[PDB]
Amino acid sequence: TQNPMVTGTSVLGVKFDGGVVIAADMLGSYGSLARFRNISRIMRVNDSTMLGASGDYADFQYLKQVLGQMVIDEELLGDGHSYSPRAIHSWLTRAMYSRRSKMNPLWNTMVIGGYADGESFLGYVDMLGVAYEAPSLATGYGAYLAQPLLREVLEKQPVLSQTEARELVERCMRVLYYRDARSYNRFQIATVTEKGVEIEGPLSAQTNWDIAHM
Amino acid sequence: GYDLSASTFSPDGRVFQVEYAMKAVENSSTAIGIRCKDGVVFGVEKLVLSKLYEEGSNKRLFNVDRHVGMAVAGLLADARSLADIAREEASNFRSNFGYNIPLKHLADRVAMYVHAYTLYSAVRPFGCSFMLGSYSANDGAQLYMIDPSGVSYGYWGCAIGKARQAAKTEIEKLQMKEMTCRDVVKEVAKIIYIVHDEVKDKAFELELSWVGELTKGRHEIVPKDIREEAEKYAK
Amino acid sequence: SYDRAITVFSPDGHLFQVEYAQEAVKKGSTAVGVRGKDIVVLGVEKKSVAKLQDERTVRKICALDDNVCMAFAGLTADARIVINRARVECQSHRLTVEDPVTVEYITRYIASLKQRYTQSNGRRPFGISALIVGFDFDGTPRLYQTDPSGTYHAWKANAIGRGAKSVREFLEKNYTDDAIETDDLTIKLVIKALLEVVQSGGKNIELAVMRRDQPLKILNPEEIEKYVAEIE
Amino acid sequence: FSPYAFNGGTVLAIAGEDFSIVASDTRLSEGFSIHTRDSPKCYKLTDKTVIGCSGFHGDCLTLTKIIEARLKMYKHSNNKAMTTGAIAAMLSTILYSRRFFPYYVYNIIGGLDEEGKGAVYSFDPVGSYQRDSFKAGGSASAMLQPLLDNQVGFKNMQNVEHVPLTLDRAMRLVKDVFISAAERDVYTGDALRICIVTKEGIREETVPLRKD
Amino acid sequence: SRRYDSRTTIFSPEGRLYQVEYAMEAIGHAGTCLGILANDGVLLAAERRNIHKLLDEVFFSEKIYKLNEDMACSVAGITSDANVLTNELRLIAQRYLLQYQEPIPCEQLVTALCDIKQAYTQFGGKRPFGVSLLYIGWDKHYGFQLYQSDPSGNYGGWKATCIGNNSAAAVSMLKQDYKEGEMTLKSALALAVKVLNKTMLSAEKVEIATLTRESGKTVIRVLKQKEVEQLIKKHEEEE
Amino acid sequence: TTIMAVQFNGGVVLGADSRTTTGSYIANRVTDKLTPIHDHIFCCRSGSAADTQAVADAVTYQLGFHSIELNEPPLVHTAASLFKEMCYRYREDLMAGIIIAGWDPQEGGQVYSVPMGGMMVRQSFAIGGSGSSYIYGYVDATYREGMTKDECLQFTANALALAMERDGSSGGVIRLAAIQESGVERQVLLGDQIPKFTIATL
Amino acid sequence: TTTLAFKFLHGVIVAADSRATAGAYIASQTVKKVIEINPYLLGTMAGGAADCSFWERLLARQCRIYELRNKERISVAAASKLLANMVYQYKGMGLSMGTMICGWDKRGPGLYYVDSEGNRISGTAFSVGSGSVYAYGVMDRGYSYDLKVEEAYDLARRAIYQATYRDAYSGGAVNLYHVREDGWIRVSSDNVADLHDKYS
Amino acid sequence: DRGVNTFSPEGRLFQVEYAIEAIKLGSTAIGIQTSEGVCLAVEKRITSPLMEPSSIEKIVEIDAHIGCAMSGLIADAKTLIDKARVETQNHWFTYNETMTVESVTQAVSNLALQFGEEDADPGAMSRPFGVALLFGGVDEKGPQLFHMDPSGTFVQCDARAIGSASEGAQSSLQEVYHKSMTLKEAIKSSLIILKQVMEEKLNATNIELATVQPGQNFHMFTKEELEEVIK
Amino acid sequence: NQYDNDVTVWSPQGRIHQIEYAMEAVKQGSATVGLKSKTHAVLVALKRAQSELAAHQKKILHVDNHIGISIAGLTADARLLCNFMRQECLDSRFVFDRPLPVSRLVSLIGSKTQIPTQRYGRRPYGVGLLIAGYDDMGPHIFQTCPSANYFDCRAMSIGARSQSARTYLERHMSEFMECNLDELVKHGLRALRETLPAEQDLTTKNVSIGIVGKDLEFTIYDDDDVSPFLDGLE
């Protein structure tokens, strides 16, 4: 679309020892007003893949239904060949770029988290078709407020455990609530390991307002 | 020369080109479908025409959708193309209306697409019959069968192919209405073994598929254990 | 649209349609062509010599451009279509390239079209043979001949139509370097070849000429009657 | 809606007597933020051809995939691998195909020619290209070029031996100019990936640069 | 599809197009259409086939059609096919006048329609038009003219010509009665009456149109019942 | 324009205003913004009057043809899916915010909100139109779960009335509708029936 | 860019600079602004690097195909017309290319100027580029039709050298060509810095 | 009656088979590949003495390094020849290099079976080309001689003869041919064989000859050159 | 007679003569053998040279890095299908950045080859294919034909007089899974020898070999490279 209507904010994503964790608040904004407060911005592509999206929510639903039908078509053949996280990330990049070349982009910034063949995958795909992989991602306002914290922790501790990554992601959500005006205090947390995809929440962060008095 | 085209009626009001396509379905191996109290069971007597073929090659059972199964008989090339057509209808339906396509509507859509190839001389009628089976929590168990002309009816027990007239009799005996998918598997496995010709035909493999409450409304091939457990009881 | 293959191969490797199109050319009027030193002559035998017919509207010798002219044999309606296409191609060649087309260039284009109708769906081959004659920029007399199949050849003297076999034979033992010495012997040669096939030779023989750096001229009833008496 | 984005980056190419070097930084940025500090801009085409792409990363990825597919198609119909000169010629026509909605990429192809000599082809967004001894493209292209003209081509130098450029010496220069480019260009940093192309395959190196 | 196709546009063993040849046999049974060119005009004389007591007159002409300001034509053969061709002729003349802002020359109009008839005998897989036409008109290049086309797309200019039923006997009677260069409209009309009487005559059984020039203006008009009747009586005096 | 839909046990409760304005002039003061898609499926309309009328017409044509082929009562979610498809496909041209609401035997009373972009979200209650901005805080503090059919009718009328008094594009009369397994219960609240709220005076 | 071409009594003299510029930064100082269409045909480039390069290469392909079909070389008038018809289809689209088609055909030495605007004129002395105004002055002031071959080289060389001295977007080296009856020949390639010490 | 894409009971397309019978009526063309280059020769079959021998062209230059001799229906060959010429010119434009002899032949072999009535537009072949081709050029693998026929099947050969007397010429090529022949020896043997399967007394204007050496470009022997080889 | 001209004309026996007429082309072509192991898939074609001076025509083509094929029947048709196979393989690598599963590509060929057999005027592709690939499910051997039906086999052989090659494969199709590379390539060469007449034998001028394994990209062996595998047979 040319003008995004209902949009979601930043999406956090971090890789840990044996999986990837993705978090995103459940709020769809219409300008500066929080219209829909209970929508999911994270989806489960398949057993090893999960996707998070920020930006136009209507464009995310279209992509979610297209991707979903691709997985069903692939599972209908039953030939032992399933889409890997990198293949889903590749397909998305081509789809995002194709739409941007026709001057009718899908106003979305996606985060792809997966786990295949003992390797965790974390991909990023923006609306222009700019794609890359990293140990920790953050879209929208997360790049300026959450990325700095996530990067600082991955510089001393490149390999994190499930508990470390999960609690580090909750510290980022707390900061996002404090400084992002388009965010909500109710988020979801999806984790992908060898057992599959697990979507948790609706969770809340614990805020402190001791500075109001001082 | 009344039987050279599908857009030509014969003197006694018959479309011979459509009847010739049903003759090709009678040369195929027998495929049977049985709808029990909570699902449908498919069973084809896959004839292995070579020892060089891999166990599982030329399967006559497909997955048109997650909740829909398809047993075919006749031209494999034609049947595969019809399976693709059925996969599209089901896929398109979900994109448009937002939910799984009812089996009756899928049968209708595909049967009408099959009927379109029996009107002109520009094309030829499909030479393969197929059964569609699916299970839903609200819809229940459904089993349809579409022939070369485009006619599709609902069934309780069905058979198509070489010995479909002999396999039908051995299906009426069973009380599928009050039966169950787990018990029907063996019944269907035994029926396919009785009607299989061992004096004229060669060797064959048993293809079994089922959808129902036990598989949570999802169509899938009968597990090796169960498949071999029913294969021994039918022997 | 009609897309049925009209021209196809036969058991012994023959294109029947093309051979049937060549049979129509044999039933057509005879048209001879002679290439001289500084002159080109095109003679055609007017089969129908009706006195109530306007002779200017049934001419067989046309003009494709200022330096190229042509005669045909066979279906008259097909020839017109071909001639009009060749005329349009000549102006197209004068547009893109800043010079007149050569005699072989337009012969190659007419032959290319004929061949296309023998390998296309929903269309039969042209039933005519052309005798393209003209001059190039250097002033060289050219004489080409195309047929229904689409094959063209450059000749020195050629005849097409009903009495082409006879004329050709007669031309073979008459066309020399001394027989086309001037601009009158070449004209007497074309008239001689036409006179041994055309019934009541004389008033049933139209013939045009073309000299270097000169438009096309069509001898009339009197001019051609002097050449027919000269022979005797 | 703007379909372009400046992701920074800088590719460097150097041709030698029997080698070719294609180096670049690995930082990918947008606006004033850093996307990833590990994004090489060098792509191995054949076994003696390496391409460097800088500019709009979205176009860099697509162009890189198109080229790869074209190399496979050419090998299928001609039964042989594409030469550096042929790839440069083919790339020129690919860039001119989108003349009215061009790729925002600065390409540089560095490989070996048919005689085994180092060949470097610099490109322009719409397809204009030419063979050179050395070339620099990207955000720090105007910072490195002058130094190469001086240190490699000996421009503005009087009594100088004009000694042939060797692999060893070329390696030093590449690392040195990128170290200087990381101090002044804000788009260049993190790491430096060097791709050496000789007659014995392609070798890859990695040097750490400034992180800020 | 390839079994029902009758192949109308293909050559035959002897190099002749059968469909065209069969369409010319249909024109040989139609009403006689004759044309005679004079020094001060040109006329058309067609024998009316629509003869019945219950047949209304309604139209201004049944076989003669006005193409444009200076041209008229006479059709022969399939009347329904002639309706398609006459309408195309008028559209061709109107198109030429919208491009050059001048009347279209007689030969250019006939050539445009002959190119359409030629196209139906070469490709398309359709039957040809079974209609022969006779064109009479005046232009500033060749003055009075008389043309005649056929189903194959062939066409020629004549001084006097006849098409349709018994057109062979008329042509032979026209050669021994026509005077090249010395023919007047009045004398041309007399010749037409002597040709229609031989290949047959009442005044309701014929239709006569003349095309003359008056004050730098073409005038086409169909001779009236009385106008023709007198002509018929004057030929009886010489018989 | 102010539209609202709330759901309860039996089915749903739809309500809207009736003002159609062009700038500062009221073209129609008794407009019916509640359109019936099927027997138990209605839709509130907001945004562009010609856009929403064309979209509602198309959906109604498709849903009825689909319901005849299936030989079954259409699901509310299917009607929402058809609105969503059209509103997303032509999101650049159309300017419509549709609320779809109805009752079906498989899911009971459902309310689907389909806003301008073309997304589709199920809610327990929804509000749209230009006048919905003034009543966000009231429907948040006043709505409770477990409301009855009669309580939803009062709650909807109260909210629409509060919005009509503050919005210049809302006014007229209130048109309510109750959809259940039985059928539809349409009702209008004219002048004095419209819930009143005192104005702070000094 | 500065390209010039003039036809005297001994064929056509073609000279050009070698500077490419991307804004205010000098992209290159060794770019080839002369295209060898064939043994007897030359083409100059000015304006859009990618534009000139691409359409001149397309022109060369057409010329080669033309010679195979008619078994004869294309004339200078026909070649320039092909290039004029080619770029006329994208008129107003933004194409930027000013080229000089030179050669020797049946009508002797031919020099044509063709641009993206739609112009296609034949002449005896042309100059294209941003430094073309400066070249004109020097060229015209010393141009003669009876000029000797050596004198013609010095004139063309000097004309280009003076244009690079005044025009900021011109410089590098002067590449000179000479079109004759036997075909074109690469005369010389002198750097502008070396010409500066010779002319002073 | 049948369609143009009708298979026969054996397994061969009738149309293609009939087009192969039309290639056995044309004049004989001979191709010989050596290490010094490829040599092509072909009889002109002049019907009448009034016709100009130079007007007949059975050997054409596809490119500077590729030549081509044909046989069968000459009018059909022109359509294929032009495609080959454009193909090599496109290759040069896109890759700045010449096209190989094998690549050219393959590109021209793709049009062989591109015919059919139904499911096709106006500009489609109704039948197959009734002509055999002999491509002989010089690339990176040195001299090469490929042979293409009406079925779209192309191969590589050291010495191949096409035409009405190909059967007879083939035997003579197998007898007088080794893998060490010189270009001059190839030419001599070519004329000899061509001189035995002819009806007319092979002179300098009765035949055509062309060679493609690694050094020089495609060259067509002149009258004098042909007359000095006949000695 | 009246039921063997078009592909859209069902005969009274429930057969389509035209489709069976296209299967006769596959049997008129040169034999080709395709067998696999637990880690490798090979193809051995017997390039035939009609003329004594002509070069043996290629039988093994390249499709992708993990897929190779061996044609039999119509050459033009084989190039037609090969170009389509290459296209599909290139599409998968471009969009999903990964190799197209052999089974998926085979289904695509089946779909494309079926369309022609049901339309009026069109004809079936008269070529038999022997696809040899290696994906995530190990090595594969697929056999396609003119009737648009494809089979997954452990070992296959098509072409003229390939019944003897087929019969030989059945006798040794029990030690192929454990068979090593050279041993696996000897079995294919041995099976291909059966088709050939007693007089002539398998030289290096009439034998082509395509191999594809786990860490081995689809490679082809012409004349000089065929020696190594050849030398060792009895």
# chains A, B, ... in the order shown; residues from 1 in each chain; ligands from 1

call {"tool": "interface_residues", "arguments": {"of": "chain I", "to": "chain E", "cutoff": "12 Å", "atoms": "only C-alpha atoms", "output": "MDAnalysis selection string"}}
result
chainID I and resid 2 5:6 8 120:121

call {"tool": "select_by_dssp", "arguments": {"residues": "region 82-211 of chain D", "states": "alpha helix (DSSP H)", "output": "PDB file with C-alpha atoms, in the first residue's frame"}}
result
ATOM      1  CA  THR D  84      35.619 -12.005 -16.952  1.00  0.00           C
ATOM      2  CA  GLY D  85      35.295  -9.880 -20.089  1.00  0.00           C
ATOM      3  CA  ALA D  86      32.096 -11.637 -21.106  1.00  0.00           C
ATOM      4  CA  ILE D  87      30.588 -11.196 -17.646  1.00  0.00           C
ATOM      5  CA  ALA D  88      31.451  -7.504 -17.731  1.00  0.00           C
ATOM      6  CA  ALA D  89      29.822  -7.184 -21.142  1.00  0.00           C
ATOM      7  CA  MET D  90      26.743  -9.086 -19.999  1.00  0.00           C
ATOM      8  CA  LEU D  91      26.447  -7.014 -16.822  1.00  0.00           C
ATOM      9  CA  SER D  92      26.515  -3.827 -18.891  1.00  0.00           C
ATOM     10  CA  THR D  93      23.399  -4.921 -20.794  1.00  0.00           C
ATOM     11  CA  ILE D  94      21.664  -6.055 -17.604  1.00  0.00           C
ATOM     12  CA  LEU D  95      22.134  -2.644 -16.026  1.00  0.00           C
ATOM     13  CA  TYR D  96      20.860  -0.881 -19.143  1.00  0.00           C
ATOM     14  CA  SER D  97      17.706  -3.011 -19.226  1.00  0.00           C
ATOM     15  CA  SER D 141      35.295   6.051  -3.349  1.00  0.00           C
ATOM     16  CA  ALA D 142      36.519   9.666  -3.506  1.00  0.00           C
ATOM     17  CA  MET D 143      38.719   9.138  -0.455  1.00  0.00           C
ATOM     18  CA  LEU D 144      40.611   6.084  -1.706  1.00  0.00           C
ATOM     19  CA  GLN D 145      40.852   6.827  -5.447  1.00  0.00           C
ATOM     20  CA  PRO D 146      43.366   9.695  -5.093  1.00  0.00           C
ATOM     21  CA  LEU D 147      45.654   7.569  -2.907  1.00  0.00           C
ATOM     22  CA  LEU D 148      45.616   4.716  -5.418  1.00  0.00           C
ATOM     23  CA  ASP D 149      46.404   7.067  -8.289  1.00  0.00           C
ATOM     24  CA  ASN D 150      49.445   8.177  -6.328  1.00  0.00           C
ATOM     25  CA  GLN D 151      50.610   4.892  -4.774  1.00  0.00           C
ATOM     26  CA  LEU D 167      50.563  -9.408  -4.389  1.00  0.00           C
ATOM     27  CA  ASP D 168      52.420  -8.818  -1.131  1.00  0.00           C
ATOM     28  CA  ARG D 169      52.664  -5.057  -1.651  1.00  0.00           C
ATOM     29  CA  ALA D 170      49.103  -4.855  -2.979  1.00  0.00           C
ATOM     30  CA  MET D 171      47.808  -6.518   0.186  1.00  0.00           C
ATOM     31  CA  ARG D 172      49.469  -3.879   2.349  1.00  0.00           C
ATOM     32  CA  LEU D 173      48.054  -0.995   0.323  1.00  0.00           C
ATOM     33  CA  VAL D 174      44.502  -2.347   0.404  1.00  0.00           C
ATOM     34  CA  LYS D 175      44.549  -2.704   4.187  1.00  0.00           C
ATOM     35  CA  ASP D 176      46.122   0.740   4.604  1.00  0.00           C
ATOM     36  CA  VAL D 177      43.629   2.708   2.504  1.00  0.00           C
ATOM     37  CA  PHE D 178      40.694   0.991   4.205  1.00  0.00           C
ATOM     38  CA  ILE D 179      42.137   1.881   7.599  1.00  0.00           C
ATOM     39  CA  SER D 180      42.226   5.528   6.521  1.00  0.00           C
ATOM     40  CA  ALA D 181      38.738   5.295   5.016  1.00  0.00           C
ATOM     41  CA  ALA D 182      37.319   4.010   8.304  1.00  0.00           C
ATOM     42  CA  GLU D 183      38.607   7.099  10.121  1.00  0.00           C
ATOM     43  CA  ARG D 184      36.826   9.606   7.882  1.00  0.00           C
TER      44      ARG D 184
END

call {"tool": "closest_atom_pairs", "arguments": {"of": "chain C", "to": "chain E", "cutoff": "9 Å", "atoms": "only C-alpha atoms", "output": "JSON lines"}}
result
{"residue": "C:1", "atom": "CA", "partner": "E:124", "partner_atom": "CA", "distance": 6.8}
{"residue": "C:2", "atom": "CA", "partner": "E:124", "partner_atom": "CA", "distance": 5.1}
{"residue": "C:3", "atom": "CA", "partner": "E:124", "partner_atom": "CA", "distance": 8.2}
{"residue": "C:4", "atom": "CA", "partner": "E:2", "partner_atom": "CA", "distance": 7.8}
{"residue": "C:6", "atom": "CA", "partner": "E:10", "partner_atom": "CA", "distance": 7.0}
{"residue": "C:7", "atom": "CA", "partner": "E:10", "partner_atom": "CA", "distance": 9.0}
{"residue": "C:16", "atom": "CA", "partner": "E:13", "partner_atom": "CA", "distance": 8.3}
{"residue": "C:17", "atom": "CA", "partner": "E:11", "partner_atom": "CA", "distance": 6.2}
{"residue": "C:18", "atom": "CA", "partner": "E:11", "partner_atom": "CA", "distance": 8.7}
{"residue": "C:19", "atom": "CA", "partner": "E:15", "partner_atom": "CA", "distance": 8.2}
{"residue": "C:20", "atom": "CA", "partner": "E:15", "partner_atom": "CA", "distance": 4.7}
{"residue": "C:21", "atom": "CA", "partner": "E:15", "partner_atom": "CA", "distance": 5.6}
{"residue": "C:22", "atom": "CA", "partner": "E:15", "partner_atom": "CA", "distance": 7.2}
{"residue": "C:23", "atom": "CA", "partner": "E:15", "partner_atom": "CA", "distance": 4.9}
{"residue": "C:24", "atom": "CA", "partner": "E:15", "partner_atom": "CA", "distance": 4.4}
{"residue": "C:25", "atom": "CA", "partner": "E:15", "partner_atom": "CA", "distance": 8.1}
{"residue": "C:26", "atom": "CA", "partner": "E:15", "partner_atom": "CA", "distance": 8.9}
{"residue": "C:27", "atom": "CA", "partner": "E:15", "partner_atom": "CA", "distance": 8.4}
{"residue": "C:50", "atom": "CA", "partner": "E:175", "partner_atom": "CA", "distance": 8.9}
{"residue": "C:51", "atom": "CA", "partner": "E:175", "partner_atom": "CA", "distance": 7.6}
{"residue": "C:52", "atom": "CA", "partner": "E:159", "partner_atom": "CA", "distance": 5.2}
{"residue": "C:53", "atom": "CA", "partner": "E:158", "partner_atom": "CA", "distance": 4.4}
{"residue": "C:54", "atom": "CA", "partner": "E:157", "partner_atom": "CA", "distance": 5.0}
{"residue": "C:55", "atom": "CA", "partner": "E:157", "partner_atom": "CA", "distance": 7.7}
{"residue": "C:56", "atom": "CA", "partner": "E:157", "partner_atom": "CA", "distance": 8.0}
{"residue": "C:57", "atom": "CA", "partner": "E:157", "partner_atom": "CA", "distance": 5.7}
{"residue": "C:58", "atom": "CA", "partner": "E:156", "partner_atom": "CA", "distance": 6.1}
{"residue": "C:75", "atom": "CA", "partner": "E:154", "partner_atom": "CA", "distance": 8.7}
{"residue": "C:76", "atom": "CA", "partner": "E:154", "partner_atom": "CA", "distance": 6.6}
{"residue": "C:77", "atom": "CA", "partner": "E:154", "partner_atom": "CA", "distance": 5.4}
{"residue": "C:78", "atom": "CA", "partner": "E:118", "partner_atom": "CA", "distance": 7.3}
{"residue": "C:80", "atom": "CA", "partner": "E:115", "partner_atom": "CA", "distance": 8.4}
{"residue": "C:81", "atom": "CA", "partner": "E:115", "partner_atom": "CA", "distance": 7.3}
{"residue": "C:121", "atom": "CA", "partner": "E:123", "partner_atom": "CA", "distance": 8.7}
{"residue": "C:122", "atom": "CA", "partner": "E:123", "partner_atom": "CA", "distance": 5.5}
{"residue": "C:123", "atom": "CA", "partner": "E:123", "partner_atom": "CA", "distance": 4.3}
{"residue": "C:124", "atom": "CA", "partner": "E:122", "partner_atom": "CA", "distance": 5.6}
{"residue": "C:125", "atom": "CA", "partner": "E:122", "partner_atom": "CA", "distance": 7.9}
{"residue": "C:126", "atom": "CA", "partner": "E:122", "partner_atom": "CA", "distance": 8.3}
{"residue": "C:127", "atom": "CA", "partner": "E:15", "partner_atom": "CA", "distance": 8.1}

call {"tool": "closest_atom_pairs", "arguments": {"of": "chain A", "to": "chain F", "cutoff": "10 Å", "atoms": "only C-alpha atoms", "output": "JSON lines"}}
result
{"residue": "A:1", "atom": "CA", "partner": "F:92", "partner_atom": "CA", "distance": 7.5}
{"residue": "A:2", "atom": "CA", "partner": "F:92", "partner_atom": "CA", "distance": 7.9}
{"residue": "A:3", "atom": "CA", "partner": "F:92", "partner_atom": "CA", "distance": 8.5}
{"residue": "A:4", "atom": "CA", "partner": "F:117", "partner_atom": "CA", "distance": 7.4}
{"residue": "A:5", "atom": "CA", "partner": "F:117", "partner_atom": "CA", "distance": 5.3}
{"residue": "A:6", "atom": "CA", "partner": "F:117", "partner_atom": "CA", "distance": 6.9}
{"residue": "A:7", "atom": "CA", "partner": "F:117", "partner_atom": "CA", "distance": 9.9}
{"residue": "A:30", "atom": "CA", "partner": "F:115", "partner_atom": "CA", "distance": 9.9}
{"residue": "A:33", "atom": "CA", "partner": "F:133", "partner_atom": "CA", "distance": 9.3}
{"residue": "A:35", "atom": "CA", "partner": "F:136", "partner_atom": "CA", "distance": 9.1}
{"residue": "A:36", "atom": "CA", "partner": "F:121", "partner_atom": "CA", "distance": 8.3}
{"residue": "A:38", "atom": "CA", "partner": "F:123", "partner_atom": "CA", "distance": 9.0}
{"residue": "A:39", "atom": "CA", "partner": "F:121", "partner_atom": "CA", "distance": 7.8}
{"residue": "A:56", "atom": "CA", "partner": "F:117", "partner_atom": "CA", "distance": 8.4}
{"residue": "A:57", "atom": "CA", "partner": "F:119", "partner_atom": "CA", "distance": 6.8}
{"residue": "A:58", "atom": "CA", "partner": "F:119", "partner_atom": "CA", "distance": 4.4}
{"residue": "A:59", "atom": "CA", "partner": "F:119", "partner_atom": "CA", "distance": 7.9}
{"residue": "A:60", "atom": "CA", "partner": "F:119", "partner_atom": "CA", "distance": 8.9}
{"residue": "A:61", "atom": "CA", "partner": "F:119", "partner_atom": "CA", "distance": 7.0}
{"residue": "A:62", "atom": "CA", "partner": "F:119", "partner_atom": "CA", "distance": 8.6}

call {"tool": "write_last_selection", "arguments": {"atoms": "N, CA and C atoms", "output": "compact mmCIF listing (two decimals), in the first residue's frame"}}
result
# COMPACT_ATOMS: atom_id res chain seq x y z
N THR A 1 0.82 -1.20 0.00
CA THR A 1 0.00 0.00 0.00
C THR A 1 0.86 1.26 0.00
N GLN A 2 0.25 2.39 -0.35
CA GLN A 2 0.96 3.66 -0.38
C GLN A 2 0.88 4.34 0.98
N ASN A 3 -0.28 4.23 1.63
CA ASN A 3 -0.49 4.83 2.94
C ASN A 3 -0.90 3.77 3.96
N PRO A 4 0.00 3.43 4.88
CA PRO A 4 -0.30 2.43 5.91
C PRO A 4 -1.41 2.90 6.85
N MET A 5 -2.37 2.03 7.13
CA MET A 5 -3.48 2.36 8.01
C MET A 5 -3.21 1.95 9.46
N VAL A 6 -3.63 0.74 9.82
CA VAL A 6 -3.40 0.22 11.16
C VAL A 6 -2.04 -0.46 11.18
N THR A 7 -1.14 0.04 12.01
CA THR A 7 0.21 -0.52 12.08
C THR A 7 0.63 -0.94 13.48
N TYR A 30 -3.78 3.27 14.99
CA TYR A 30 -4.39 3.99 13.88
C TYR A 30 -4.01 5.44 14.08
N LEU A 33 -3.62 6.85 17.96
CA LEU A 33 -4.61 6.22 18.83
C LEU A 33 -4.47 4.70 18.82
N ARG A 35 -6.06 1.67 18.69
CA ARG A 35 -7.36 1.10 18.34
C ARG A 35 -7.58 -0.34 18.79
N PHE A 36 -6.86 -1.27 18.16
CA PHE A 36 -6.99 -2.68 18.49
C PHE A 36 -5.89 -3.11 19.45
N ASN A 38 -5.73 -6.09 21.17
CA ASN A 38 -5.53 -7.53 21.35
C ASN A 38 -5.34 -8.29 20.04
N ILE A 39 -4.34 -7.90 19.26
CA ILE A 39 -4.05 -8.57 18.00
C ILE A 39 -2.66 -9.18 18.08
N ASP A 56 2.06 -1.95 8.60
CA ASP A 56 0.67 -2.16 8.21
C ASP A 56 0.17 -3.55 8.59
N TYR A 57 -0.86 -3.60 9.43
CA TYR A 57 -1.40 -4.87 9.89
C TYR A 57 -2.19 -5.61 8.82
N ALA A 58 -2.81 -4.87 7.91
CA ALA A 58 -3.59 -5.48 6.84
C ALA A 58 -2.68 -6.17 5.84
N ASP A 59 -1.47 -5.65 5.68
CA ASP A 59 -0.50 -6.22 4.76
C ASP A 59 0.10 -7.47 5.38
N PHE A 60 0.16 -7.50 6.71
CA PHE A 60 0.69 -8.64 7.43
C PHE A 60 -0.28 -9.81 7.36
N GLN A 61 -1.57 -9.51 7.36
CA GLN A 61 -2.60 -10.55 7.30
C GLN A 61 -2.62 -11.19 5.92
N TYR A 62 -2.35 -10.39 4.90
CA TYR A 62 -2.33 -10.90 3.54
C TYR A 62 -1.13 -11.82 3.36

call {"tool": "select_by_dssp", "arguments": {"residues": "region 56-102 of chain G", "states": "strand (DSSP E)", "output": "NGL selection string"}}
result
:G and (98-102)

call {"tool": "closest_residue", "arguments": {"among": "B:166, B:119, B:145, B:101", "to": "chain F", "atoms": "only C-alpha atoms"}}
result
B:101

call {"tool": "residues_around", "arguments": {"residues": "residue 167 (chain G)", "least_positions_apart": "3", "cutoff": "9 Å", "atoms": "only C-alpha atoms", "output": "list in words"}}
result
residues 1, 2, 130, 131, 132, 134, 162, 163, 164, 170 and 171 of chain G
